[PDB]
$ cat model.tsv   # TSV, C-alpha atoms and all ligand atoms
chain	number	residue	atom	x	y	z
A	649	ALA	CA	70.52	-91.34	-6.05
A	650	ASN	CA	69.39	-89.00	-8.81
A	651	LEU	CA	67.15	-87.05	-6.43
A	652	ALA	CA	69.91	-86.62	-3.85
A	653	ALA	CA	72.38	-85.50	-6.53
A	654	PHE	CA	69.86	-83.00	-7.91
A	655	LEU	CA	69.17	-81.64	-4.42
A	656	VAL	CA	72.89	-81.18	-3.76
A	657	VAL	CA	73.43	-79.59	-7.17
A	658	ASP	CA	70.89	-76.75	-7.00
A	659	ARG	CA	72.70	-73.49	-6.12
A	660	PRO	CA	72.04	-70.75	-8.73
A	661	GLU	CA	72.83	-67.58	-6.71
A	662	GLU	CA	75.91	-65.87	-8.17
A	663	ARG	CA	75.02	-62.20	-8.25
A	664	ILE	CA	77.09	-59.98	-10.53
A	665	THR	CA	80.33	-59.00	-8.84
A	666	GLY	CA	82.50	-56.37	-10.45
A	667	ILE	CA	84.34	-55.14	-13.51
A	668	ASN	CA	85.71	-58.52	-14.61
A	669	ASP	CA	82.83	-60.96	-14.89
A	670	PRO	CA	81.71	-63.35	-17.63
A	671	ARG	CA	78.25	-61.85	-17.44
A	672	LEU	CA	79.76	-58.34	-17.46
A	673	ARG	CA	82.15	-58.97	-20.34
A	674	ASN	CA	79.92	-59.90	-23.29
A	675	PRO	CA	76.39	-59.00	-24.36
A	676	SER	CA	73.25	-61.12	-24.30
A	677	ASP	CA	69.53	-60.46	-24.33
A	678	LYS	CA	68.90	-61.40	-20.68
A	679	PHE	CA	71.21	-58.69	-19.32
A	680	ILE	CA	70.27	-55.41	-20.96
A	681	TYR	CA	71.87	-52.91	-18.60
A	682	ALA	CA	71.61	-49.20	-19.13
A	683	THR	CA	72.68	-45.80	-17.85
A	684	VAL	CA	71.14	-42.38	-18.21
A	685	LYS	CA	72.32	-40.90	-21.47
A	686	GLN	CA	74.79	-38.04	-21.92
A	687	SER	CA	75.75	-37.76	-18.29
A	688	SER	CA	79.04	-38.07	-16.43
A	689	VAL	CA	79.21	-41.88	-16.54
A	690	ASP	CA	78.47	-42.39	-20.21
A	691	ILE	CA	81.10	-39.96	-21.48
A	692	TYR	CA	83.91	-41.59	-19.50
A	693	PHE	CA	82.56	-45.01	-20.16
A	694	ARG	CA	83.15	-44.51	-23.90
A	695	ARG	CA	86.83	-43.62	-24.17
A	696	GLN	CA	88.09	-46.96	-22.90
A	697	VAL	CA	89.10	-48.68	-26.13
A	698	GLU	CA	89.84	-51.75	-24.03
B	400	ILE	CA	133.11	-74.90	-33.50
B	401	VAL	CA	132.81	-75.34	-29.75
B	402	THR	CA	130.09	-77.37	-28.04
B	403	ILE	CA	128.92	-78.08	-24.51
B	404	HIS	CA	128.18	-81.57	-23.22
B	405	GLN	CA	124.65	-81.60	-21.79
B	406	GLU	CA	122.18	-84.41	-22.25
B	407	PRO	CA	120.09	-84.90	-24.33
B	408	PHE	CA	121.34	-82.42	-26.89
B	409	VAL	CA	124.88	-83.65	-27.66
B	410	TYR	CA	126.33	-86.95	-26.48
B	411	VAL	CA	129.80	-88.26	-25.70
B	412	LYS	CA	130.56	-91.94	-26.08
B	413	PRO	CA	133.73	-94.01	-25.69
B	414	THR	CA	135.77	-94.34	-28.85
B	415	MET	CA	135.89	-97.82	-30.30
B	416	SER	CA	139.54	-98.73	-30.06
B	417	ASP	CA	140.27	-99.53	-33.72
B	418	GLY	CA	140.12	-95.89	-34.81
B	419	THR	CA	136.43	-95.33	-35.53
B	420	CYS	CA	133.39	-95.91	-33.35
B	421	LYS	CA	130.13	-97.83	-33.24
B	422	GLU	CA	127.90	-98.37	-36.27
B	423	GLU	CA	124.35	-98.11	-34.92
B	424	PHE	CA	120.98	-97.43	-36.50
B	425	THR	CA	117.62	-96.00	-35.51
B	426	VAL	CA	114.53	-98.03	-34.66
B	427	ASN	CA	113.59	-97.36	-38.29
B	428	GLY	CA	117.05	-98.39	-39.47
B	429	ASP	CA	117.84	-94.84	-40.52
B	430	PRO	CA	121.49	-93.80	-40.92
B	431	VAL	CA	122.38	-92.29	-37.55
B	432	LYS	CA	124.91	-89.61	-38.42
B	433	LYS	CA	127.94	-88.94	-36.27
B	434	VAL	CA	131.34	-87.24	-36.29
B	435	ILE	CA	134.61	-87.59	-34.40
B	436	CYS	CA	135.03	-85.27	-31.41
B	437	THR	CA	138.10	-84.73	-29.24
B	438	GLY	CA	137.51	-83.38	-25.76
B	439	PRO	CA	139.17	-83.07	-22.38
B	440	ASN	CA	138.53	-84.97	-19.15
B	441	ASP	CA	137.79	-88.31	-20.79
B	442	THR	CA	139.11	-90.02	-17.64
B	443	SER	CA	141.95	-89.89	-15.08
B	444	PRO	CA	143.06	-86.26	-14.67
B	445	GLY	CA	145.96	-84.35	-16.19
B	446	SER	CA	148.00	-84.96	-19.36
B	447	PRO	CA	146.04	-82.22	-21.23
B	448	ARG	CA	142.97	-83.91	-19.73
B	449	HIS	CA	143.32	-86.83	-22.17
C	749	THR	CA	103.14	-80.96	-15.43
C	750	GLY	CA	102.48	-77.28	-15.05
C	751	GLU	CA	102.69	-74.42	-17.50
C	752	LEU	CA	105.76	-72.68	-18.89
C	753	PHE	CA	107.16	-69.39	-17.70
C	754	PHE	CA	110.19	-67.20	-18.28
C	755	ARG	CA	110.36	-67.78	-22.03
C	756	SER	CA	113.56	-67.68	-24.08
C	757	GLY	CA	115.13	-69.16	-27.19
C	758	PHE	CA	118.10	-71.43	-27.88
C	759	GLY	CA	119.69	-69.40	-30.60
C	760	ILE	CA	122.92	-70.05	-32.45
C	761	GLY	CA	125.57	-67.62	-31.29
C	762	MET	CA	127.92	-65.80	-33.63
C	763	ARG	CA	130.65	-63.21	-33.24
C	764	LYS	CA	129.72	-59.57	-33.67
C	765	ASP	CA	129.30	-58.69	-37.35
C	766	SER	CA	130.85	-61.99	-38.33
C	767	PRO	CA	131.09	-62.80	-42.05
C	768	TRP	CA	128.17	-65.24	-41.84
C	769	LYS	CA	125.89	-62.91	-39.90
C	770	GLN	CA	123.07	-63.37	-42.41
C	771	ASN	CA	123.26	-66.62	-44.38
C	772	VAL	CA	122.81	-68.83	-41.32
C	773	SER	CA	119.70	-66.82	-40.50
C	774	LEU	CA	118.34	-67.38	-44.00
C	775	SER	CA	118.94	-71.12	-43.93
C	776	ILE	CA	117.56	-71.51	-40.44
C	777	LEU	CA	114.32	-69.81	-41.42
C	778	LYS	CA	113.86	-71.71	-44.66
C	779	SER	CA	114.36	-74.94	-42.77
C	780	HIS	CA	112.36	-73.86	-39.73
C	781	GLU	CA	109.29	-73.66	-41.85
C	782	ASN	CA	110.09	-76.65	-44.06
C	783	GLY	CA	109.10	-79.38	-41.62
C	784	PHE	CA	112.63	-80.15	-40.46
C	785	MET	CA	112.63	-79.28	-36.77
C	786	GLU	CA	109.49	-81.34	-36.36
C	787	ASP	CA	111.19	-84.36	-37.90
C	788	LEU	CA	114.24	-83.96	-35.69
C	789	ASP	CA	112.10	-83.42	-32.61
C	790	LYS	CA	110.22	-86.64	-33.31
C	791	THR	CA	113.43	-88.58	-33.82
C	792	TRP	CA	115.41	-87.30	-30.87
C	793	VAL	CA	113.58	-85.40	-28.14
C	794	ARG	CA	110.44	-87.49	-27.54
C	795	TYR	CA	110.09	-91.23	-27.01
C	796	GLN	CA	107.09	-93.54	-26.63
C	797	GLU	CA	108.05	-96.06	-23.92
C	798	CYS	CA	105.67	-94.22	-21.58
D	511	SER	CA	107.49	-29.89	-37.35
D	512	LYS	CA	107.35	-33.64	-37.96
D	513	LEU	CA	107.30	-36.12	-40.82
D	514	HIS	CA	104.08	-37.07	-42.61
D	515	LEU	CA	103.54	-40.53	-44.06
D	516	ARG	CA	101.04	-43.32	-44.65
D	517	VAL	CA	100.70	-46.75	-43.08
D	518	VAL	CA	98.66	-49.60	-44.58
D	519	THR	CA	97.17	-52.44	-42.55
D	520	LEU	CA	94.48	-55.10	-42.09
D	521	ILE	CA	91.63	-56.36	-39.92
D	522	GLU	CA	92.41	-59.44	-37.82
D	523	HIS	CA	91.22	-59.54	-34.24
D	524	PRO	CA	92.67	-58.58	-31.79
D	525	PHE	CA	95.43	-56.78	-33.61
D	526	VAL	CA	93.43	-54.14	-35.49
D	527	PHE	CA	89.74	-53.71	-34.63
D	528	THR	CA	87.06	-51.59	-36.34
D	529	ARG	CA	84.80	-48.99	-34.75
D	530	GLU	CA	81.81	-47.39	-36.39
D	531	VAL	CA	82.21	-43.69	-37.08
D	532	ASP	CA	81.17	-40.81	-34.87
D	533	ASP	CA	78.27	-38.43	-35.39
D	534	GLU	CA	80.68	-36.32	-37.44
D	535	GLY	CA	83.82	-38.47	-37.28
D	536	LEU	CA	86.51	-37.30	-34.84
D	537	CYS	CA	87.30	-40.70	-33.23
D	538	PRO	CA	87.20	-40.23	-29.49
D	539	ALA	CA	89.99	-42.70	-28.66
D	540	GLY	CA	90.81	-43.98	-32.11
D	541	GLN	CA	92.58	-43.13	-35.33
D	542	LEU	CA	90.67	-41.87	-38.35
D	543	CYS	CA	90.95	-44.48	-41.08
D	544	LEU	CA	89.74	-44.62	-44.67
D	545	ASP	CA	88.63	-47.51	-46.88
D	546	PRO	CA	89.54	-47.05	-50.56
D	547	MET	CA	88.47	-50.43	-51.89
D	548	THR	CA	90.84	-49.82	-54.81
D	549	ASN	CA	94.48	-50.56	-55.64
D	550	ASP	CA	95.13	-47.27	-57.43
D	551	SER	CA	97.77	-44.84	-56.19
D	552	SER	CA	96.43	-41.65	-57.76
D	553	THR	CA	92.93	-42.33	-56.40
D	554	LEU	CA	94.39	-42.64	-52.89
D	555	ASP	CA	96.44	-39.47	-53.22
D	556	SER	CA	93.29	-37.69	-54.44
D	557	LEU	CA	91.38	-38.97	-51.40
D	558	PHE	CA	94.12	-37.88	-48.99
D	559	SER	CA	94.20	-34.39	-50.46
D	560	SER	CA	90.41	-34.24	-50.19
D	561	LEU	CA	90.58	-35.46	-46.59
D	562	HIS	CA	93.25	-33.17	-45.14
D	563	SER	CA	91.99	-29.91	-46.62
D	564	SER	CA	89.48	-27.11	-46.08
D	565	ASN	CA	87.03	-28.81	-48.49
D	566	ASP	CA	86.34	-32.50	-47.89
D	567	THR	CA	84.11	-34.80	-49.92
D	568	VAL	CA	83.85	-38.51	-49.11
D	569	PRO	CA	80.96	-40.96	-48.59
D	570	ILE	CA	80.64	-41.73	-44.90
D	571	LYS	CA	80.92	-45.43	-45.73
D	572	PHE	CA	84.59	-44.94	-46.59
D	573	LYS	CA	85.44	-43.69	-43.08
D	574	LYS	CA	85.99	-45.80	-39.97
D	575	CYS	CA	87.70	-45.53	-36.60
D	576	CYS	CA	90.62	-47.93	-36.21
D	577	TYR	CA	91.92	-48.96	-32.78
D	578	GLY	CA	93.47	-51.87	-30.99
D	579	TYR	CA	96.85	-53.40	-30.19
D	580	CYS	CA	99.10	-52.80	-33.15
D	581	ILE	CA	97.77	-49.28	-33.64
D	582	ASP	CA	98.54	-48.63	-29.98
D	583	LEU	CA	102.15	-49.62	-30.42
D	584	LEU	CA	102.35	-47.56	-33.61
D	585	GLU	CA	101.11	-44.59	-31.62
D	586	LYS	CA	103.88	-45.14	-29.06
D	587	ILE	CA	106.50	-45.12	-31.85
D	588	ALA	CA	104.98	-42.03	-33.52
D	589	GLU	CA	105.32	-40.28	-30.19
D	590	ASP	CA	108.90	-41.49	-29.79
D	591	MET	CA	109.72	-40.94	-33.47
D	592	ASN	CA	107.99	-37.52	-33.66
D	593	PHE	CA	105.95	-37.84	-36.83
D	594	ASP	CA	102.26	-37.93	-37.62
D	595	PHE	CA	100.55	-40.57	-39.72
D	596	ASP	CA	97.46	-41.37	-41.73
D	597	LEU	CA	95.98	-44.86	-41.97
D	598	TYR	CA	93.92	-46.71	-44.57
D	599	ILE	CA	92.66	-50.28	-44.78
D	600	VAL	CA	94.22	-52.34	-47.57
D	601	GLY	CA	92.22	-52.90	-50.72
D	602	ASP	CA	91.28	-56.52	-50.17
D	603	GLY	CA	92.82	-58.08	-47.06
D	604	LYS	CA	94.69	-60.97	-48.64
D	605	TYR	CA	98.22	-60.70	-47.17
D	606	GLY	CA	101.07	-61.07	-49.66
D	607	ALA	CA	101.42	-63.89	-52.16
D	608	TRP	CA	102.84	-64.46	-55.62
D	609	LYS	CA	100.40	-64.88	-58.50
D	610	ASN	CA	100.49	-64.50	-62.29
D	611	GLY	CA	104.01	-63.20	-61.81
D	612	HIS	CA	102.64	-60.45	-59.57
D	613	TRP	CA	102.05	-59.59	-55.93
D	614	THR	CA	98.96	-58.53	-53.98
D	615	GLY	CA	97.75	-57.31	-50.62
D	616	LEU	CA	100.19	-55.47	-48.40
D	617	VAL	CA	103.17	-56.00	-50.66
D	618	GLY	CA	100.97	-55.54	-53.72
D	619	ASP	CA	100.24	-51.97	-52.63
D	620	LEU	CA	103.69	-51.44	-51.10
D	621	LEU	CA	106.25	-52.43	-53.74
D	622	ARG	CA	104.05	-50.46	-56.18
D	623	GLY	CA	105.63	-47.42	-54.47
D	624	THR	CA	102.46	-46.28	-52.68
D	625	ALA	CA	102.69	-46.60	-48.88
D	626	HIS	CA	105.56	-46.26	-46.41
D	627	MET	CA	104.84	-48.77	-43.61
D	628	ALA	CA	102.87	-51.92	-42.81
D	629	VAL	CA	101.60	-52.72	-39.32
D	630	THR	CA	99.48	-55.81	-38.70
D	631	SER	CA	99.42	-59.44	-38.01
D	632	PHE	CA	102.00	-60.34	-40.64
D	633	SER	CA	104.23	-63.41	-40.78
D	634	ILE	CA	107.81	-63.57	-42.05
D	635	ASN	CA	109.41	-66.37	-44.04
D	636	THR	CA	111.64	-66.73	-47.12
D	637	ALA	CA	109.72	-65.22	-50.02
D	638	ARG	CA	108.46	-62.08	-48.30
D	639	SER	CA	111.79	-61.68	-46.50
D	640	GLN	CA	113.64	-61.59	-49.83
D	641	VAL	CA	111.70	-59.07	-51.92
D	642	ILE	CA	111.32	-56.59	-49.04
D	643	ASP	CA	112.88	-56.05	-45.64
D	644	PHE	CA	111.60	-56.90	-42.17
D	645	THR	CA	112.40	-55.80	-38.65
D	646	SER	CA	112.94	-57.72	-35.44
D	647	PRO	CA	110.11	-59.90	-34.14
D	648	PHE	CA	107.87	-58.65	-31.36
D	649	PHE	CA	105.70	-61.73	-30.71
D	650	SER	CA	106.26	-65.49	-30.44
D	651	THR	CA	103.54	-67.65	-31.95
D	652	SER	CA	102.87	-71.32	-32.73
D	653	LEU	CA	100.23	-73.39	-34.53
D	654	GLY	CA	97.49	-74.68	-32.27
D	655	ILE	CA	94.51	-76.70	-33.43
D	656	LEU	CA	90.93	-76.17	-32.33
D	657	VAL	CA	88.20	-78.71	-31.55
D	658	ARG	CA	84.76	-78.30	-30.00
D	659	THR	CA	84.98	-79.16	-26.32
D	660	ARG	CA	82.69	-80.24	-23.48
D	661	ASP	CA	81.40	-83.46	-24.97
D	662	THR	CA	80.26	-84.39	-21.44
E	500	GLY	CA	134.71	-71.03	-20.18
E	501	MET	CA	132.52	-71.38	-23.23
E	502	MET	CA	131.29	-67.86	-23.87
E	503	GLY	CA	134.75	-66.78	-22.82
E	504	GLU	CA	136.25	-68.91	-25.56
E	505	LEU	CA	133.93	-67.13	-27.95
E	506	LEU	CA	135.84	-63.98	-27.02
E	507	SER	CA	139.15	-65.55	-28.04
E	508	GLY	CA	139.01	-65.86	-31.82
E	509	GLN	CA	140.14	-69.47	-32.26
E	510	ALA	CA	136.67	-70.83	-33.01
E	511	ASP	CA	133.58	-68.82	-33.80
E	512	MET	CA	130.38	-70.84	-34.22
E	513	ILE	CA	128.85	-71.95	-30.96
E	514	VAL	CA	126.30	-74.56	-31.85
E	515	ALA	CA	124.66	-75.73	-28.64
E	516	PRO	CA	121.78	-74.76	-26.37
E	517	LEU	CA	122.91	-71.24	-25.49
E	518	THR	CA	120.12	-69.07	-24.07
E	519	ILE	CA	119.63	-65.43	-25.16
E	520	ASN	CA	118.89	-62.93	-22.42
E	521	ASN	CA	119.67	-59.25	-22.78
E	522	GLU	CA	122.85	-59.21	-20.67
E	523	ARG	CA	124.46	-61.94	-22.76
E	524	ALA	CA	123.07	-60.30	-25.91
E	525	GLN	CA	125.55	-57.43	-25.98
E	526	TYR	CA	128.89	-58.70	-27.17
E	527	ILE	CA	127.86	-61.28	-29.80
E	528	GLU	CA	124.98	-61.75	-32.24
E	529	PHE	CA	122.50	-64.61	-32.51
E	530	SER	CA	120.03	-65.73	-35.14
E	531	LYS	CA	116.32	-66.35	-34.98
E	532	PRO	CA	115.64	-68.99	-32.34
E	533	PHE	CA	115.01	-72.59	-33.31
E	534	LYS	CA	113.41	-73.70	-30.04
E	535	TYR	CA	111.34	-72.12	-27.29
E	536	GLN	CA	111.97	-73.12	-23.69
E	537	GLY	CA	111.17	-72.24	-20.11
E	538	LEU	CA	111.49	-73.38	-16.53
E	539	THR	CA	109.03	-76.16	-15.76
E	540	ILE	CA	108.21	-78.35	-12.81
E	541	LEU	CA	107.42	-82.01	-12.32
E	542	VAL	CA	106.10	-83.77	-9.26
E	543	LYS	CA	105.44	-87.49	-9.78
E	544	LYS	CA	103.31	-89.97	-11.64
E	545	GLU	CA	99.94	-88.42	-10.83
E	546	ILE	CA	97.94	-91.20	-9.17
E	547	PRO	CA	96.13	-90.01	-6.00
E	548	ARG	CA	93.01	-91.16	-4.13
E	549	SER	CA	91.63	-94.68	-3.60
F	1	LIG	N1	119.11	-78.48	-21.42
F	1	LIG	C1	119.66	-77.54	-21.03
F	1	LIG	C2	120.17	-76.48	-20.52
F	1	LIG	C3	120.59	-75.45	-21.36
F	1	LIG	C4	121.15	-74.30	-20.82
F	1	LIG	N2	121.54	-73.31	-21.65
F	1	LIG	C5	122.09	-72.18	-21.16
F	1	LIG	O1	122.46	-71.29	-21.94
F	1	LIG	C6	122.26	-72.05	-19.68
F	1	LIG	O2	122.75	-71.03	-19.16
F	1	LIG	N3	121.85	-73.07	-18.90
F	1	LIG	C7	121.30	-74.18	-19.44
F	1	LIG	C8	120.88	-75.21	-18.60
F	1	LIG	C9	120.32	-76.37	-19.14
F	1	LIG	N4	119.90	-77.41	-18.30
F	1	LIG	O3	120.74	-78.06	-17.68
F	1	LIG	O4	118.72	-77.70	-18.19
$ encode --input "model.tsv" --output "structure tokens" --more "lines below"
Ligand SMILES: N#Cc1cc2[nH]c(=O)c(=O)[nH]c2cc1[N+](=O)[O-]
Amino acid sequence: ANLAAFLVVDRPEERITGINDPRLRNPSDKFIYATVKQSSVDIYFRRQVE
Amino acid sequence: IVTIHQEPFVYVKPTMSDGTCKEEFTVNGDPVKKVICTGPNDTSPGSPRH
Amino acid sequence: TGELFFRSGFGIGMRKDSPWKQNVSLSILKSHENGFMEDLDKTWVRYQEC
Amino acid sequence: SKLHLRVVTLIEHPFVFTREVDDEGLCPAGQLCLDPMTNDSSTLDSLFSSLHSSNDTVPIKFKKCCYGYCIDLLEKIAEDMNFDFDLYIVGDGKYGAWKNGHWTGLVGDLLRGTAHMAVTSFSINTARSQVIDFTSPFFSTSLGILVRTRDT
Amino acid sequence: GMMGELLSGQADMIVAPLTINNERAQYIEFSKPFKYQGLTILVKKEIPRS
């Protein structure tokens, strides 16, 4: 019973999706994501106080 | 003052015939307060709605 | 069941700029923090037969 | 061409956040705020004069960039009410209570004839509502209790 | 009816569960609410499955 339940359970998957994700809403150490500095993205991606 | 009958916020109960009404108490025996209210449409129909 | 939606508040209505436009507000606040509404809510709005 | 006045406030998430200062301190998307750490009116006036002038002198530690909810709505009223504003964190962050015959916190620095407004998480009941005025409510709270979940 | 009576000047206080929306909040003045409320739904004693 335990083996069958464990086999059914295993399904990690779950790639990052979008702009509203639990992984992409708070920091950690396992998700250090970057972007080239002082360039187009980073300037805009700073004004959003939200 | 003017008040609207709508359970369970304000009740309306038949007047005890003598001139006052029932003397009841809470489950804790606390002094259930009450006043004397005259209102239309007690029964029947016309005659100033009784 | 379910959540709540379309919030509102059962105020006490009073005529425009009536002579008691303030004192009722004062008393209702001082009570509304002094554990009164909770007592009345326990004694009238909720029961425990369920 | 508009009025000039102070507003005094607090730090309680998510009403009024804190953001670490710039390279030089312009606040891209924020308001420039100052931490006095002192309940003295003349000191504050001195600091304001030093700040809005052609010769500034202030330790960088005293400057911060304030932003969030309540500041947002204050910005909407300043636009609608056509007046600029400064902003400085309160001395101690202790709300308003009676003690030793005195006041403290927001009211402590307000009834002392220092500031002109107060925007924050800030309750209203009896004692505060008597000594000083209050406006209409703009939020409807309650008291919830918190317990660690997922005992499994 | 009720609100209409309030615009008649024979009685003034209206002490009963009167809502406060903006349209009704033009001709009279209320106090700070003493009760929050909203439209809710019930279904049944939840007891599914076997
Ligand atoms: N309780 C109550 C109650 C209170 C009300 N109060 C109002 O002001 C109204 O318009 N409708 C209402 C309807 C109800 N109702 O029947 O549920």
$ interface_residues --input "model.tsv" --of "chain E" --to "chain D" --cutoff "12 Å" --atoms "all atoms listed in the file" --output "list in words"
residues 530, 531, 532, 533, 534, 535 and 536 of chain E
$ atom_distance --input "model.tsv" --atom1 "atom CA of residue E:501" --atom2 "atom CA of residue C:761"
11.3 Å
$ closest_atom_pairs --input "model.tsv" --of "chain C" --to "ligand LIG 1 (chain F)" --cutoff "12 Å" --atoms "only C-alpha atoms and all ligand atoms" --output "tab-separated table"
residue	atom	partner	partner_atom	distance
C:756	CA	F:LIG1	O1	9.8
C:757	CA	F:LIG1	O1	9.3
C:758	CA	F:LIG1	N2	7.4
C:759	CA	F:LIG1	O1	9.3
C:760	CA	F:LIG1	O1	10.6
C:761	CA	F:LIG1	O1	10.5
C:793	CA	F:LIG1	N1	11.1
$ atom_distance --input "model.tsv" --atom1 "atom CA of residue E:537" --atom2 "atom CA of residue C:755"
4.9 Å
$ closest_atom_pairs --input "model.tsv" --of "chain C" --to "chain E" --cutoff "10 Å" --atoms "only C-alpha atoms" --output "tab-separated table"
residue	atom	partner	partner_atom	distance
C:749	CA	E:541	CA	5.4
C:750	CA	E:540	CA	6.2
C:751	CA	E:539	CA	6.8
C:752	CA	E:537	CA	5.6
C:753	CA	E:537	CA	5.5
C:754	CA	E:537	CA	5.5
C:755	CA	E:537	CA	4.9
C:756	CA	E:536	CA	5.7
C:757	CA	E:535	CA	4.8
C:758	CA	E:518	CA	4.9
C:759	CA	E:532	CA	4.4
C:760	CA	E:529	CA	5.5
C:761	CA	E:529	CA	4.5
C:762	CA	E:528	CA	5.2
C:763	CA	E:527	CA	4.8
C:764	CA	E:527	CA	4.6
C:765	CA	E:528	CA	7.4
C:766	CA	E:528	CA	8.5
C:768	CA	E:512	CA	9.7
C:769	CA	E:528	CA	7.8
C:770	CA	E:530	CA	8.2
C:771	CA	E:530	CA	9.8
C:772	CA	E:530	CA	7.5
C:773	CA	E:530	CA	5.5
C:774	CA	E:530	CA	9.2
C:776	CA	E:531	CA	7.6
C:777	CA	E:531	CA	7.6
C:779	CA	E:533	CA	9.8
C:780	CA	E:533	CA	7.1
C:785	CA	E:533	CA	7.9
$ residues_around --input "model.tsv" --residues "residue A:698" --least-positions-apart "2" --cutoff "9 Å" --atoms "all atoms listed in the file" --output "list in words"
residues 695 and 696 of chain A; 578 of chain D
$ write_last_selection --input "model.tsv" --atoms "C-alpha atoms" --output "PDB file, in the coordinates of the input"
ATOM      1  CA  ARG A 695      86.830 -43.620 -24.170  1.00  0.00           C
ATOM      2  CA  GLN A 696      88.090 -46.960 -22.900  1.00  0.00           C
TER       3      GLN A 696
ATOM      4  CA  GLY D 578      93.470 -51.870 -30.990  1.00  0.00           C
TER       5      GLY D 578
END
$ atom_distance --input "model.tsv" --atom1 "atom CA of residue D:537" --atom2 "atom CA of residue D:631"
22.8 Å
$ interface_residues --input "model.tsv" --of "chain D" --to "chain A" --cutoff "12 Å" --atoms "all atoms listed in the file" --output "ChimeraX atom specification"
/D:524,526-529,532,537-541,575-579,581-582
$ closest_atom_pairs --input "model.tsv" --of "chain D" --to "chain C" --cutoff "10 Å" --atoms "only C-alpha atoms" --output "Markdown table"
| residue | atom | partner | partner_atom | distance |
| --- | --- | --- | --- | --- |
| D:634 | CA | C:777 | CA | 9.0 |
| D:635 | CA | C:777 | CA | 6.5 |
| D:636 | CA | C:778 | CA | 6.0 |
| D:637 | CA | C:778 | CA | 9.4 |
| D:639 | CA | C:774 | CA | 9.0 |
| D:640 | CA | C:774 | CA | 9.5 |
| D:650 | CA | C:755 | CA | 9.6 |
$ write_last_selection --input "model.tsv" --atoms "C-alpha atoms" --output "mmCIF file, in the frame of the given file"
data_model
loop_
_atom_site.group_PDB
_atom_site.id
_atom_site.type_symbol
_atom_site.label_atom_id
_atom_site.label_comp_id
_atom_site.auth_asym_id
_atom_site.auth_seq_id
_atom_site.Cartn_x
_atom_site.Cartn_y
_atom_site.Cartn_z
ATOM 1 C CA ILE D 634 107.810 -63.570 -42.050
ATOM 2 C CA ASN D 635 109.410 -66.370 -44.040
ATOM 3 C CA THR D 636 111.640 -66.730 -47.120
ATOM 4 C CA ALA D 637 109.720 -65.220 -50.020
ATOM 5 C CA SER D 639 111.790 -61.680 -46.500
ATOM 6 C CA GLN D 640 113.640 -61.590 -49.830
ATOM 7 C CA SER D 650 106.260 -65.490 -30.440
#
$ residues_around --input "model.tsv" --residues "residue B:436" --least-positions-apart "3" --cutoff "10 Å" --atoms "all atoms listed in the file" --output "JSON, numbers by chain"
{"B": [402, 411, 412, 414, 433]}
$ residues_around --input "model.tsv" --residues "stretch 654-662 of chain A" --least-positions-apart "6" --cutoff "12 Å" --atoms "only C-alpha atoms" --output "PDB file with C-alpha atoms, keeping the file's coordinate frame"
ATOM      1  CA  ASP A 669      82.830 -60.960 -14.890  1.00  0.00           C
ATOM      2  CA  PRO A 670      81.710 -63.350 -17.630  1.00  0.00           C
ATOM      3  CA  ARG A 671      78.250 -61.850 -17.440  1.00  0.00           C
TER       4      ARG A 671
END
$ axis_aligned_box --input "model.tsv" --around "stretch 502-514 of chain E" --padding-each-side "6 Å" --output "lines of an AutoDock Vina configuration file"
center_x = 133.2
center_y = -69.3
center_z = -28.5
size_x = 25.8
size_y = 22.6
size_z = 23.4
$ residues_around --input "model.tsv" --residues "residue D:567" --least-positions-apart "3" --cutoff "9 Å" --atoms "only C-alpha atoms" --output "count of residues only"
3
$ interface_residues --input "model.tsv" --of "chain B" --to "chain E" --cutoff "12 Å" --atoms "only C-alpha atoms" --output "short mmCIF file (atom, residue, chain, number, x, y, z; two decimals) with C-alpha atoms, keeping the file's coordinate frame"
data_model
loop_
_atom_site.label_atom_id
_atom_site.label_comp_id
_atom_site.auth_asym_id
_atom_site.auth_seq_id
_atom_site.Cartn_x
_atom_site.Cartn_y
_atom_site.Cartn_z
CA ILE B 400 133.11 -74.90 -33.50
CA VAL B 401 132.81 -75.34 -29.75
CA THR B 402 130.09 -77.37 -28.04
CA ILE B 403 128.92 -78.08 -24.51
CA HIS B 404 128.18 -81.57 -23.22
CA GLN B 405 124.65 -81.60 -21.79
CA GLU B 406 122.18 -84.41 -22.25
CA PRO B 407 120.09 -84.90 -24.33
CA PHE B 408 121.34 -82.42 -26.89
CA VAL B 409 124.88 -83.65 -27.66
CA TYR B 410 126.33 -86.95 -26.48
#
